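Taken in order, these protein sequences are the chains called A and B.
So the first sequence is numbered by the entry's author numbering: it starts at 19 and just counts up by one.
Numbered per the entry's author numbering, the second sequence spans residues 338 to 358, 364 to 386, 394 to 515.
From the three backbone atoms N, C-alpha and C, an ideal C-beta is built for every residue, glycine too.
One structure below.
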Amino acid sequence: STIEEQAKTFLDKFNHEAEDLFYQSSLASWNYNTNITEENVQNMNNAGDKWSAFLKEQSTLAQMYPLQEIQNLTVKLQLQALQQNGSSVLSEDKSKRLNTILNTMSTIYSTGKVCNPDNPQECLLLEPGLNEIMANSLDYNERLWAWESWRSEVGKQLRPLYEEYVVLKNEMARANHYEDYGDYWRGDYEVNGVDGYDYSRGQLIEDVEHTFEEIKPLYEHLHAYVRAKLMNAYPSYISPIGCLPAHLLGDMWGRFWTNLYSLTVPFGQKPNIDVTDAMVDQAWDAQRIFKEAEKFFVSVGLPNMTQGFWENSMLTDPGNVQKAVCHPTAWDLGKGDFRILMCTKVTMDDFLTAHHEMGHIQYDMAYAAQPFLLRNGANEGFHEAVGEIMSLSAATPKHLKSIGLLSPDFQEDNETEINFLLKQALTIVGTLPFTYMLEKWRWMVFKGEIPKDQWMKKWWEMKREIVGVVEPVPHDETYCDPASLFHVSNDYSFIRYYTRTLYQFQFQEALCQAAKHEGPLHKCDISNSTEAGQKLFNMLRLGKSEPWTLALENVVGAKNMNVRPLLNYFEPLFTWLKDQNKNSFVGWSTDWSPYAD
Amino acid sequence: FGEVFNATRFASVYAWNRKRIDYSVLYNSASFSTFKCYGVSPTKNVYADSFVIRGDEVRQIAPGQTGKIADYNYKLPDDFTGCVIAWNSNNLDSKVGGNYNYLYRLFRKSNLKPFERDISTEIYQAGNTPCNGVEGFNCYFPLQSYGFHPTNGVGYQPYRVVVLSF
Ligand SMILES: *[C@@H]1O[C@H](CO)[C@@H](O)[C@H](O)[C@H]1NC(C)=O
Ligand SMILES: *[C@@H]1O[C@H](CO)[C@@H](O)[C@H](O)[C@H]1NC(C)=O
Ligand SMILES: *[C@@H]1O[C@H](CO)[C@@H](O)[C@H](O)[C@H]1NC(C)=O
Numbered sequence: 019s020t021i022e023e024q025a026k027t028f029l030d031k032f033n034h035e036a037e038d039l040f041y042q043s044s045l046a047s048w049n050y051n052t053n054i055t056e057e058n059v060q061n062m063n064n065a066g067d068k069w070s071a072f073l074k075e076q077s078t079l080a081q082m083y084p085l086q087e088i089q090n091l092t093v094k095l096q097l098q099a100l101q102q103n104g105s106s107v108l109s110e111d112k113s114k115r116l117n118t119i120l121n122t123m124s125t126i127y128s129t130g131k132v133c134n135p136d137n138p139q140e141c142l143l144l145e146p147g148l149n150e151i152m153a154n155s156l157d158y159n160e161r162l163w164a165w166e167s168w169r170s171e172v173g174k175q176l177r178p179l180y181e182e183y184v185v186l187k188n189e190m191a192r193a194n195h196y197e198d199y200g201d202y203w204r205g206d207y208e209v210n211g212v213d214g215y216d217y218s219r220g221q222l223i224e225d226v227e228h229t230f231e232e233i234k235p236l237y238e239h240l241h242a243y244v245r246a247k248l249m250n251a252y253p254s255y256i257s258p259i260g261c262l263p264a265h266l267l268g269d270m271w272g273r274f275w276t277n278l279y280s281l282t283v284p285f286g287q288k289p290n291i292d293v294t295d296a297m298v299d300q301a302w303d304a305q306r307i308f309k310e311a312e313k314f315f316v317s318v319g320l321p322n323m324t325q326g327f328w329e330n331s332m333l334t335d336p337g338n339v340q341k342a343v344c345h346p347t348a349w350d351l352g353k354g355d356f357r358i359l360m361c362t363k364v365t366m367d368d369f370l371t372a373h374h375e376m377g378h379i380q381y382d383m384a385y386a387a388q389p390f391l392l393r394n395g396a397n398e399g400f401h402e403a404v405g406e407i408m409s410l411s412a413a414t415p416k417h418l419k420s421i422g423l424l425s426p427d428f429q430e431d432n433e434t435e436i437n438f439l440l441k442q443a444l445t446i447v448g449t450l451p452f453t454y455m456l457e458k459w460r461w462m463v464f465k466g467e468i469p470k471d472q473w474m475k476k477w478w479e480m481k482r483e484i485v486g487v488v489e490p491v492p493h494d495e496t497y498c499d500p501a502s503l504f505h506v507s508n509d510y511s512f513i514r515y516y517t518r519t520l521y522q523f524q525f526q527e528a529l530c531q532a533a534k535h536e537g538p539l540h541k542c543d544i545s546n547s548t549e550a551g552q553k554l555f556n557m558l559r560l561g562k563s564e565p566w567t568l569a570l571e572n573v574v575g576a577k578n579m580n581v582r583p584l585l586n587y588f589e590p591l592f593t594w595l596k597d598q599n600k601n602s603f604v605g606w607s608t609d610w611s612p613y614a615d
Numbered sequence: 338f339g340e341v342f343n344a345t346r347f348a349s350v351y352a353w354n355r356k357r358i364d365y366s367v368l369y370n371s372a373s374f375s376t377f378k379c380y381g382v383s384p385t386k394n395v396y397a398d399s400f401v402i403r404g405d406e407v408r409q410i411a412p413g414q415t416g417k418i419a420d421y422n423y424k425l426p427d428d429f430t431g432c433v434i435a436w437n438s439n440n441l442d443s444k445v446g447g448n449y450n451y452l453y454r455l456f457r458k459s460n461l462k463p464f465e466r467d468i469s470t471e472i473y474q475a476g477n478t479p480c481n482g483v484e485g486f487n488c489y490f491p492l493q494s495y496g497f498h499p500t501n502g503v504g505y506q507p508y509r510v511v512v513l514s515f
């Protein structure tokens, strides 16, 4: 009759009630996604509303159990997860205002479309629209026009809405016993009550800054190389001692540098390793791709996929017969029901994506044996890391030759290795400074270090001193550049990508060491390595019951993040870049501008 | 053994059916997922206890096993001298939208003694304040229904279990 037994009984009831209230919602959502009809939409909405009502009622019931008189860590974690009230802490009027602001911001982002004065009647949306121009066009004027137009409309529209959003979210976070909303976001990594594994919210900022400072030289060399190739592309627009313009980074926000590959390819004569033609020649289907992925996951040691996976999954595209959006997604409907929904085609990219979603489903199957609430990753950056390490293992040339997809006489020339490493760099290293900058700006904006009249100035100072990117057109206080991004204007955390990359490389190095692989880390394949599978599964079966530090120590032997694996993955490329940067200025000057130079 | 293994519908595990009744053609069916005999092999008063449980709880129908099914629904002695037969019935006992007919007791004050059947639906009194027959804080109905669906996993699919006690 003690509080411990009462909480245990309440959780016993809640685990059984939560199942089949989440399964029905999952089934309705799956039916809506696979079969797009209005009745399916209504069924999905009804199921979601019922599940949300059940969740709020259970939270209200669970708030009556104090955490002071609880001695078990699992019960305490479940009650902490359930008791969390969130936005309901505010008044009804405040909640309605916040919901209206969030919905208005999302709608303004989605419907936003800039139109040139020459023909206002016909103009481009965001997708594909300006994205195609920012990815494929080589015109300085067109790129600058698209960038400036999208900013001048979207940021001006979302500025006061973002200010009100910041105020309301700060109020909600303060009402929930937090310093600010940034503290609320950093609370996803808090560990407490465990000896030798505690992790504070204030430690996250310190760790991120330390790892970024350790990463900086490689980013500087990559930035210098990209700037040299860009000056080759753009003769009289980019200074050799200054930063890069924001509208020449290959995409809309400078988040990724992949589209710069064609401009910055080291050896254009040598082609990339693309096996699409071989896949077509061998008559490979989506079922074949998924069977090879399952075979790889069986070889590494993880079990094979259930029969229901092969009978209820939408591995192909039904066609015009029935409409279905097929963003590639792994579904855990509950009660041991796992599915994958994606229009798998005959392409190496689809091959890697199939392995990625297969790894997601394997991780879900691994932690499905835990109680309902404790059925997520230990922290928010583990699922994606697992998927990406599966993709890296599947993408290696050794695996391609072993599965019968690359000719045995293929020579792994070091030029191809450099090209692959530079592509990986443009994809991975070029986004870490952007993520760090954006999260730091949002955190100190929530904190209050940046007054409302210094948002744009501090934003562009961070662009200049951290990312090494300069704005092409002067901006004022009527602009809100961060809101132009999807995550910022849709209330989404962003440090997950940084932590995910770090965890990705740590896991890869750990499994390669377990697999007894000799040589470069980028030529590593964990195939046929049962010990790596054992370590991986031992980490995966914990769910979120144990602190993420404990799982990190289980895999890599370290309790915290580390960038040494990331620097080891790019060592050949780092040496090559240092060789090519002997006669170029490594760094940037935060004074030069395209308009003030 | 006719209606024992080929009944139209089986009973709930808490209200498990008990019937008083050549063990070769039964073993050679080659269609039973579990045919575990304790003490006496099939080749070498009889009670037939029939019910339906979840797929992953079949292992709880063995002597010396913990779990809610053994503690509160169906307990066997450690000196069991019979056989336990379990087979999947996904086609029979599952339907689109769920089959909520089968029930099981989730809460009790104490564990069932061997070969005990409990049917009373008295409101569980978890806390100190009396429930007074009304569900509320620290007051839960002890019986919960299985959510059997065709698309459930093998560990969540319905399983028909018959226990032969000699
Ligand atoms: C999709 O939904 C429509 C109407 O809800 C229905 O007629 C059709 O049979 C469904 N498709 C499938 C494959 O069940
Ligand atoms: C917490 O409860 C679980 C069962 O719910 C038990 O296995 C575990 O030993 C308990 N932990 C502590 C520290 O009492
Ligand atoms: C794994 O072992 C199988 C069976 O011996 C073999 O066919 C396959 O090529 C091996 N894979 C690797 C990457 O060595």
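- Across the set A/285, A/255, A/183, A/423, the C-alpha of A/423 shows the shortest separation from the C-alpha of residue 300 of chain A.
- By the neighbour-count definition (other C-beta atoms within 10 Å, threshold 16), residue 259 of chain A is an exposed residue.
- Proximity of the beta carbon of residue 131 of chain A to ligand 3 is not indicated: no heavy atom of the ligand is located closer than 7 Å.
- Sorting A/472, A/185, A/280, A/380 by C-alpha distance to the C-alpha of residue 324 of chain A places A/380 at the top.
- Assignment of beta-bridge partners to residue 397 of chain B by DSSP yields B/356, B/513.
- Shown in chain order are the residues whose CB sits closer than 7 Å to a heavy atom of ligand 3: A/317, A/416, A/417, A/420, A/543, A/545, A/546.
- Listed along the chain, the chain B residues whose CB falls inside 7 Å of the CB of residue 31 of chain A are 489.
- DSSP places residue 350 of chain A in the strand class (E or B) of the three-state scheme.
- Taking every residue with its beta carbon within less than 7 Å of a heavy atom belonging to ligand 1 gives, in chain order, A/53, A/55, A/57, A/58, A/340.
- Residues of the region 490-508 of chain B with a C-beta atom less than 8 Å from some C-beta of chain A are 493, 496, 498, 500, 501, 502, 503, 504, 505, listed in chain order.
- Near ligand 2, meaning a beta-carbon closer than 7 Å to one of its heavy atoms, we find A/26, A/89, A/90, A/91, A/92, A/93.
- Counting only Cβ-Cβ distances below 8 Å, residue 353 of chain A has contacts in chain B at 496, 498, 501, 502, 505, in chain order.
- In the displayed model, residue 139 of chain A falls within coil according to three-state DSSP, outside both helix and strand.
- Non-local C-beta neighbours of residue 369 of chain B in its own chain, meaning closer than 7 Å and more than five positions away in sequence, comprise 377, 384, ordered along the chain.
- What residue 460 of chain B touches in chain A, judged by beta-carbon distance under 9 Å, is nothing: the nearest beta carbon there is about 15 Å away.
- With respect to chain B, the C-beta atom of residue 37 of chain A has a partner C-beta closer than 8 Å.
- Taking C-beta atoms as the reference points, residue 53 of chain A and residue 153 of chain A fail to come closer than 8 Å.
- For residue 499 of chain B, the closest alpha carbon among the candidates B/465, B/446, B/460, B/472 is that of B/446.
- The bridge partners DSSP lists for residue 454 of chain B are B/492.
- In the structure shown, the three-state DSSP call for residue 530 of chain A is helix.
- Going by DSSP, residue 328 of chain A is part of no beta strand (DSSP E) but of the alpha helix (DSSP H) stretching over 325-330.
- Only those residues of the region 438-449 of chain B whose C-beta falls short of 8 Å from the nearest C-beta of chain A are listed: 447.
- The residue from A/171, A/96, A/163, A/151 with its alpha-carbon nearest to that of residue 128 of chain A is A/171.
- Chain A places a beta carbon closer than 8 Å to that of residue 476 of chain B, counting this residue as a contact.
- 8 Å or more divides the Cβ of residue 410 of chain B from the Cβ of residue 453 of chain B.
- Of A/175, A/571, A/180, A/231, the smallest CA-CA separation from residue 485 of chain A is found for A/231.
- Across the structure, residue 184 of chain A and residue 394 of chain A are spaced so that their CA atoms are roughly 28 Å apart.
- One Cα belongs to residue 266 of chain A, the other to residue 440 of chain A, and the distance between them is close to 18 Å.
- Bridge partners of residue 488 of chain A according to DSSP: A/263.
- In this structure the region 123-138 of chain A touches the region 175-182 of chain A; the number of beta carbon pairs closer than 8 Å is three or more.
- Rounded to the nearest whole angstrom, the CA to CA distance from residue 550 of chain A to residue 476 of chain A is 45 Å.
- By the rule that beta-carbons nearer than 8 Å mark a contact, residue 455 of chain B touches chain A.
- One thing to note: residue 373 of chain A has its Cβ no nearer than 8 Å to the Cβ of residue 452 of chain A.
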